[PDB]
Every structure is written in C-alpha cells, then in structure tokens.
Amino acid sequence: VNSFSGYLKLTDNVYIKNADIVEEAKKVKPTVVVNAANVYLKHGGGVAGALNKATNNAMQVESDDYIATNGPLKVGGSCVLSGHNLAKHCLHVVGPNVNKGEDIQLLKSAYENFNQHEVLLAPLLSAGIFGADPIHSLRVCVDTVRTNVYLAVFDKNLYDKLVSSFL
Ligand SMILES: Cc1c(O)cccc1C(=O)O
C-alpha cells in the first residue's frame with residue numbers, strides 16, 4: 001500500500017490522475033518526483049518551471065552546480081538530484097523536444113529511466129511544451145515502464161481524452 005489517492009488504474013503498474021504535479025508532490029512527499037527537464041537543467045517552464053518555482057529556485061541552484069561539474073545530460077537520459085521540499089529525490093528526465101526537432105524514438109529511452117525506481121510520481125514525458133502527442137507519450141509509458149508510476153496530468157480536457165482513448 002502507498003499514499004497516492006484518487007488515481008485511475010490503467011494497467012498493473014500505471015496509474016493516472018488530473019492533478020497539478022507540484023500540489024501532488026507537496027501532499028504525498030513521494031520518494032521520487034520526475035522532472036521533464038532539458039539537457040541543460042534550465043527549469044524555465046511547464047513541469048520544470050513549476051517544480052523549480054515551488055522549491056524557491058533551490059532546484060535551479062543545485063542543477064547549475066550539477067551541470068558545471070558534469071556537463072549536459074543526453075536526450076533520453078536522466079540524473080537523480082534532491083527533491084527539496086517536494087520529494088526525497090527528483091529524477092530529472094530528458095524526453096525529446098519536438099519543438100527542437102529531436103527523435104521521438106528517444107521517448108522510449110527516456111521512460112526506461114523510470115525502471116530504476118520502484119515508485120514514481122511523474123508527468124507525461126515529451127508532451128505539453130516539448131511538442132509530442134500526449135496520447136503517444138502515455139502509450140510509450142505503459143509499454144516501457146515496469147515499475148509503479150503515478151502520472152499527474154495538469155490539463156483537465158487532456159486527462160479526460162487520455163482516459164477515454166486508452167487502449
Ligand atoms: C501533458 C500536458 C500537455 O500535453 C499539455 C498541457 C499540460 C500537460 C501536463 O500535464 O503537464
């Protein structure tokens with residue numbers, strides 16, 4: 001049993017809810033919250049901007065030190081950093097950004113990072129401002145992630161469409 005509440009069960013391991021990921025993290029304090037980051041860990045907008053704002057910019061300060069030491073992530077890659085006030089850990093995962101022309105096949109590689117963690121609170125990778133079709137992102141998630149993932153979808157009209165269209 002875990003603390004996640006109000007989710008619809010899609011599969012053995014994937015759950016979904018219409019929720020603001022920031023508000024969900026603040027309530028649950030999950031072991032892992034996933035950030036939809038860019039390779040530079042520049043948390044300017046969408047999930048990354050909202051998460052970073054909720055940490056009072058501490059996420060960005062930590063991320064700048066990570067990049068200064070290690071250089072940029074790979075598209076499809078990840079790093080584990082602090083969850084600050086939101087979670088124990090933040091898994092920063094880089095899905096491909098369609099609005100930059102990145103290979104959508106890298107979305108499966110991005111979701112494979114989730115398999116290193118038993119339970120996660122996450123957004124749909126590569127969707128929203130990254131340009132991908134969220135229906136596609138949910139299908140890749142279900143077909144890639146084997147660990148227990150609790151998906152938070154901010155957009156109400158999109159949540160209802162993801163559920164209604166789910167195969
Ligand atoms: C996945 C997504 C969209 O495709 C569009 C707007 C918000 C979101 C979100 O849940 O963050």
# chains A, B, ... in the order shown; residues from 1 in each chain; ligands from 1
>>> residues_near_ligand(ligand="ligand 1", cutoff="7 Å", atoms="only C-alpha atoms and all ligand atoms", output="list in words")
residues 46, 47, 123, 124, 127, 128, 129, 133, 134, 152, 153, 154, 155 and 158 of chain A
>>> residues_around(residues="residue 9 (chain A)", least_positions_apart="4", cutoff="12 Å", atoms="only C-alpha atoms", output="MDAnalysis selection string")
chainID A and resid 4:5 13:17 142 148:151 163 166
>>> atom_distance(atom1="CA of residue 164 (chain A)", atom2="CA of residue 76 (chain A)")
28.2 Å
>>> closest_residue(among="A:11, A:73, A:37, A:112", to="residue 93 (chain A)", atoms="only C-alpha atoms")
A:37
>>> residues_around(residues="residue 118 (chain A)", least_positions_apart="3", cutoff="12 Å", atoms="only C-alpha atoms", output="PyMOL selection string")
chain A and resi 2+13-14+30-33+113-115+121+145-150
>>> closest_residue(among="A:74, A:29, A:42, A:89", to="residue 106 (chain A)", atoms="only C-alpha atoms")
A:74
>>> residues_around(residues="residue 100 (chain A)", least_positions_apart="3", cutoff="10 Å", atoms="only C-alpha atoms", output="VMD selection string")
chain A and resid 96 to 97 103 130 to 131
>>> residues_around(residues="residue 54 (chain A)", least_positions_apart="6", cutoff="12 Å", atoms="only C-alpha atoms", output="JSON, numbers by chain")
{"A": [20, 21, 22, 23, 24, 25, 26, 43, 47, 48, 60, 83, 84, 85, 86, 87]}
>>> write_last_selection(atoms="N, CA and C atoms", output="CSV table (one decimal), in the first residue's frame")
chain,number,residue,atom,x,y,z
A,20,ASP,N,-2.2,18.8,-10.4
A,20,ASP,CA,-1.0,19.7,-10.6
A,20,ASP,C,0.1,18.9,-9.9
A,21,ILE,N,1.1,18.6,-10.6
A,21,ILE,CA,2.2,17.7,-10.1
A,21,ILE,C,2.9,18.3,-8.8
A,22,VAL,N,2.9,19.6,-8.8
A,22,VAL,CA,3.5,20.4,-7.7
A,22,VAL,C,2.7,20.2,-6.4
A,23,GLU,N,1.4,20.3,-6.6
A,23,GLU,CA,0.4,20.1,-5.4
A,23,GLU,C,0.4,18.7,-5.0
A,24,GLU,N,0.5,17.8,-5.9
A,24,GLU,CA,0.6,16.4,-5.6
A,24,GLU,C,1.8,16.0,-4.8
A,25,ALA,N,3.0,16.5,-5.3
A,25,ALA,CA,4.2,16.3,-4.6
A,25,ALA,C,4.2,16.8,-3.2
A,26,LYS,N,3.7,18.0,-3.1
A,26,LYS,CA,3.6,18.7,-1.7
A,26,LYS,C,2.8,17.8,-0.8
A,43,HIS,N,15.4,25.2,-15.8
A,43,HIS,CA,14.0,24.9,-15.4
A,43,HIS,C,13.1,26.1,-15.6
A,47,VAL,N,6.4,21.6,-16.4
A,47,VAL,CA,6.7,20.9,-15.1
A,47,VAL,C,8.0,21.4,-14.5
A,48,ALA,N,9.1,21.6,-15.3
A,48,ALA,CA,10.4,22.0,-14.7
A,48,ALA,C,10.3,23.4,-14.0
A,60,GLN,N,17.1,24.9,-9.2
A,60,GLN,CA,17.9,25.5,-10.2
A,60,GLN,C,19.4,25.7,-9.7
A,83,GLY,N,15.1,16.2,-4.1
A,83,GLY,CA,13.7,16.6,-4.2
A,83,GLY,C,13.3,17.8,-3.5
A,84,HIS,N,14.2,18.4,-2.7
A,84,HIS,CA,14.0,19.6,-2.0
A,84,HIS,C,12.7,19.4,-1.1
A,85,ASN,N,11.8,20.3,-1.1
A,85,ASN,CA,10.6,20.3,-0.3
A,85,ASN,C,9.5,19.5,-0.9
A,86,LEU,N,9.8,18.9,-2.1
A,86,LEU,CA,8.7,18.2,-2.8
A,86,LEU,C,8.7,16.7,-2.7
A,87,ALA,N,9.9,16.1,-2.5
A,87,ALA,CA,10.1,14.7,-2.6
A,87,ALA,C,11.4,14.3,-2.0
>>> select_by_dssp(residues="region 14-152 of chain A", states="alpha helix (DSSP H)", output="ChimeraX atom specification")
/A:21-28,46-54,58-70,106-112,134-144
>>> residues_around(residues="residue 165 (chain A)", least_positions_apart="3", cutoff="8 Å", atoms="only C-alpha atoms", output="PyMOL selection string")
chain A and resi 135+161-162
>>> write_last_selection(atoms="N, CA and C atoms", output="mmCIF file, in the first residue's frame")
data_model
loop_
_atom_site.group_PDB
_atom_site.id
_atom_site.type_symbol
_atom_site.label_atom_id
_atom_site.label_comp_id
_atom_site.auth_asym_id
_atom_site.auth_seq_id
_atom_site.Cartn_x
_atom_site.Cartn_y
_atom_site.Cartn_z
ATOM 1 N N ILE A 135 -1.066 11.401 -26.067
ATOM 2 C CA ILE A 135 -1.636 10.046 -26.200
ATOM 3 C C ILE A 135 -0.499 9.077 -26.493
ATOM 4 N N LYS A 161 -9.451 13.091 -22.221
ATOM 5 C CA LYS A 161 -9.145 12.489 -23.509
ATOM 6 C C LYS A 161 -8.174 11.310 -23.379
ATOM 7 N N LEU A 162 -7.172 11.408 -22.512
ATOM 8 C CA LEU A 162 -6.206 10.273 -22.324
ATOM 9 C C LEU A 162 -6.946 9.020 -21.807
#
>>> select_by_dssp(residues="chain A", states="strand (DSSP E or B)", output="PyMOL selection string")
chain A and resi 8-9+14-18+32-36+78-82+89-93+119-122+148-153
>>> closest_residue(among="A:69, A:55, A:18, A:78", to="residue 39 (chain A)", atoms="only C-alpha atoms")
A:78
>>> atom_distance(atom1="CA of residue 91 (chain A)", atom2="CA of residue 139 (chain A)")
20.5 Å
>>> decode(residues="region 7-124 of chain A", atoms="C-alpha atoms", output="short mmCIF file (atom, residue, chain, number, x, y, z; two decimals), in the first residue's frame")
data_model
loop_
_atom_site.label_atom_id
_atom_site.label_comp_id
_atom_site.auth_asym_id
_atom_site.auth_seq_id
_atom_site.Cartn_x
_atom_site.Cartn_y
_atom_site.Cartn_z
CA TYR A 7 -5.83 7.72 -9.29
CA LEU A 8 -7.49 5.72 -12.06
CA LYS A 9 -5.68 2.40 -12.64
CA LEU A 10 -4.72 1.96 -16.32
CA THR A 11 -2.59 -1.22 -16.04
CA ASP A 12 -0.93 -3.46 -13.45
CA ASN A 13 1.66 -0.70 -12.80
CA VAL A 14 0.44 2.61 -14.32
CA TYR A 15 -2.00 4.99 -12.63
CA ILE A 16 -3.26 8.43 -13.77
CA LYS A 17 -4.90 11.48 -12.13
CA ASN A 18 -5.93 15.04 -13.15
CA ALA A 19 -3.65 16.96 -10.82
CA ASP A 20 -1.03 19.73 -10.56
CA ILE A 21 2.21 17.69 -10.08
CA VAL A 22 3.52 20.40 -7.69
CA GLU A 23 0.43 20.14 -5.41
CA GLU A 24 0.56 16.36 -5.60
CA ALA A 25 4.25 16.26 -4.62
CA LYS A 26 3.63 18.69 -1.71
CA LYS A 27 0.79 16.42 -0.42
CA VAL A 28 2.40 12.95 -0.93
CA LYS A 29 6.18 13.71 -0.50
CA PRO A 30 6.95 10.76 -2.77
CA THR A 31 10.36 9.07 -2.74
CA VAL A 32 10.76 10.18 -6.42
CA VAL A 33 9.18 13.03 -8.38
CA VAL A 34 10.11 13.14 -12.08
CA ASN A 35 11.02 16.49 -13.70
CA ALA A 36 10.65 16.81 -17.53
CA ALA A 37 14.00 18.58 -17.96
CA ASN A 38 16.11 19.82 -20.86
CA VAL A 39 19.79 18.67 -21.18
CA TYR A 40 20.97 21.95 -19.56
CA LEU A 41 18.67 21.52 -16.50
CA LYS A 42 17.36 25.04 -17.23
CA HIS A 43 14.00 24.88 -15.44
CA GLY A 44 12.24 27.79 -17.19
CA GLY A 45 8.62 26.47 -17.86
CA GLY A 46 6.00 23.63 -17.79
CA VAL A 47 6.67 20.92 -15.15
CA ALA A 48 10.36 22.01 -14.71
CA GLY A 49 9.47 25.71 -14.15
CA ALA A 50 6.58 24.88 -11.80
CA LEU A 51 8.67 22.42 -9.83
CA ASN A 52 11.62 24.79 -9.61
CA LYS A 53 9.39 27.73 -8.54
CA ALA A 54 7.91 25.54 -5.78
CA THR A 55 11.50 24.96 -4.44
CA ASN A 56 12.12 28.75 -4.34
CA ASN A 57 14.80 28.24 -7.07
CA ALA A 58 16.82 25.75 -4.95
CA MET A 59 16.32 23.13 -7.71
CA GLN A 60 17.94 25.53 -10.25
CA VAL A 61 20.87 26.34 -7.92
CA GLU A 62 21.57 22.62 -7.39
CA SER A 63 21.15 21.94 -11.12
CA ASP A 64 23.61 24.66 -12.12
CA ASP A 65 26.27 23.10 -9.89
CA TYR A 66 25.47 19.63 -11.41
CA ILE A 67 25.96 20.97 -14.96
CA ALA A 68 29.12 22.89 -14.04
CA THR A 69 30.62 19.59 -12.80
CA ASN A 70 29.19 17.01 -15.25
CA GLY A 71 28.12 18.86 -18.42
CA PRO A 72 24.76 18.44 -20.09
CA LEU A 73 22.57 15.34 -19.95
CA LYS A 74 21.78 13.31 -23.10
CA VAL A 75 18.34 13.47 -24.73
CA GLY A 76 16.75 10.27 -23.33
CA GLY A 77 18.95 10.44 -20.21
CA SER A 78 18.47 11.40 -16.58
CA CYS A 79 20.10 12.29 -13.29
CA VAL A 80 18.99 11.96 -9.68
CA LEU A 81 19.15 15.16 -7.60
CA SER A 82 17.45 16.35 -4.45
CA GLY A 83 13.66 16.56 -4.24
CA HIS A 84 13.98 19.60 -1.97
CA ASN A 85 10.63 20.33 -0.27
CA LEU A 86 8.68 18.23 -2.81
CA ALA A 87 10.06 14.67 -2.60
CA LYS A 88 13.09 12.76 -1.32
CA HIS A 89 14.64 12.74 -4.81
CA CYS A 90 13.95 14.38 -8.18
CA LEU A 91 14.65 12.25 -11.23
CA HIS A 92 15.37 14.79 -13.99
CA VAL A 93 14.48 13.01 -17.25
CA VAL A 94 15.05 14.48 -20.73
CA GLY A 95 12.42 13.49 -23.23
CA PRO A 96 12.87 14.60 -26.84
CA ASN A 97 11.59 18.11 -27.57
CA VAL A 98 9.66 18.02 -30.89
CA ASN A 99 9.82 21.91 -30.99
CA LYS A 100 13.69 21.44 -31.26
CA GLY A 101 13.43 18.57 -33.88
CA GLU A 102 14.60 15.63 -31.59
CA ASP A 103 13.98 11.92 -32.48
CA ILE A 104 10.64 10.79 -30.91
CA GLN A 105 12.13 7.22 -30.72
CA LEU A 106 14.18 8.68 -27.83
CA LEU A 107 10.95 8.85 -25.78
CA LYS A 108 11.22 5.10 -25.02
CA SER A 109 14.83 5.58 -23.81
CA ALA A 110 13.62 8.48 -21.60
CA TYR A 111 10.91 6.32 -19.96
CA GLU A 112 13.41 3.46 -19.38
CA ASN A 113 14.99 5.67 -16.65
CA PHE A 114 11.83 5.18 -14.57
CA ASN A 115 12.59 1.43 -14.28
CA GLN A 116 15.48 2.25 -11.89
CA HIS A 117 12.92 3.39 -9.27
CA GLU A 118 10.25 1.21 -7.64
CA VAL A 119 7.63 4.01 -7.35
CA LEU A 120 7.48 7.46 -9.03
CA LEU A 121 5.21 10.49 -9.34
CA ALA A 122 5.66 11.75 -12.93
CA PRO A 123 4.33 13.85 -15.78
CA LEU A 124 3.90 12.56 -19.30
#
